[PDB]
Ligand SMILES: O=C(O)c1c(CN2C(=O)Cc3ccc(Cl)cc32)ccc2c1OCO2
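For reference, the chain that follows is the form deposited without this ligand, supplied as structure tokens.
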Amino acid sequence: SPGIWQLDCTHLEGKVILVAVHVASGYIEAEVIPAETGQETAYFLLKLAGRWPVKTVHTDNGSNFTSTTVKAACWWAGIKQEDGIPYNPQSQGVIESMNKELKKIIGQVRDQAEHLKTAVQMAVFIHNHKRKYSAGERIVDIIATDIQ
């Protein structure tokens, strides 16, 4: 459970926002990319796994699940790649709500930033600090408890 992440891809301003959600906490990392390729997804996962103890990733679609570049990155970083099929059917809706929430925050800050990527990182900041404990506090506690 402390090592489980979910990939999520959403669209805005003709660009792609790639999101990784730490399932147990709601903590996110996100990046803007031109389009979702295996290459971009692989690089994003490498970055993520160097920063947090990523054990399992539920991939966002079959193309990234199949991608040999994504598979190579998961092998390199010690990540178990799984499908992201919501067998638990509250998963679809929960991701959906987050995408809407994220886009809402992006809209609230969009004017403060010249570039979309900046607005997205502002949204990541606001999302992870929002007291609901915050997601940032929850992920740290979950992983610390797991280490001890």
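In case it trips you up, residue 1 is the first one in the sequence shown, and so on.
### Message
Does the chain run continuously from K132 to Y133, or are deposited residues unmodelled in between? Answer none, 1 to 3, 4 to 9, or 10 or more.
### Response
Per the deposited record, the segment joining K132 and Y133 lacks coordinates for 4 to 9 residues.
### Query
For the C-alpha atoms alone, is the average B factor greater in 6-14 or in 19-27, going by the entry?
6-14 has the higher mean C-alpha B-factor.
#### Entry: Which of 135-143 and 120-128 has higher mean CA B factor, as the PDB entry lists it
Per the PDB record, 135-143.
### Query
Which of these has the highest Cα B-factor in the record: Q108, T59, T69, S63?
Among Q108, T59, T69, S63, the PDB entry lists the largest C-alpha B-factor for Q108.
### Message
Which third, lowest, middle or highest, does the C-alpha temperature factor of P89 belong to within its own chain?
### Response
Highest third, going by the recorded CA B-factors of the chain.
### Task
Please rank the C-alpha B-factors of the chain's modelled residues and tell me whether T37 sits in the lowest, middle or highest third.
Within its chain, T37 is a middle-third residue by C-alpha B-factor, going by the deposited values.
#### Entry: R51 - Cα temperature factor, lowest/middle/highest third of chain
Ranked within chain, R51 CA B lands in the lowest tercile.
### Task
Report the third (lowest, middle or highest) to which the CA temperature factor of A113 belongs, ranking only the modelled residues of the same chain.
Its C-alpha B-factor belongs to the highest third of this chain's values.
### Query
If you rank the chain by CA B-factor, which third does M98 end up in: lowest, middle or highest?
Within its chain, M98 is a highest-third residue by C-alpha B-factor, going by the deposited values.
We do not show the form deposited with this ligand bound, though everything after this point is about it.
### Query
Would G26 sit within 4.5 Å of this ligand in the entry with it bound, counting heavy atoms only?
It does: once this ligand is placed as it appears in the entry with it bound, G26 has a heavy atom within 4.5 Å of it.
### Heavy atom of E101 within 4.5 Å of this ligand in the entry with it bound
So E101 counts as contacting this ligand.
### Query
Heavy atom within 4.5 Å of this ligand in the entry with it bound: which residues of 121-141 qualify?
Result: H127 alone.
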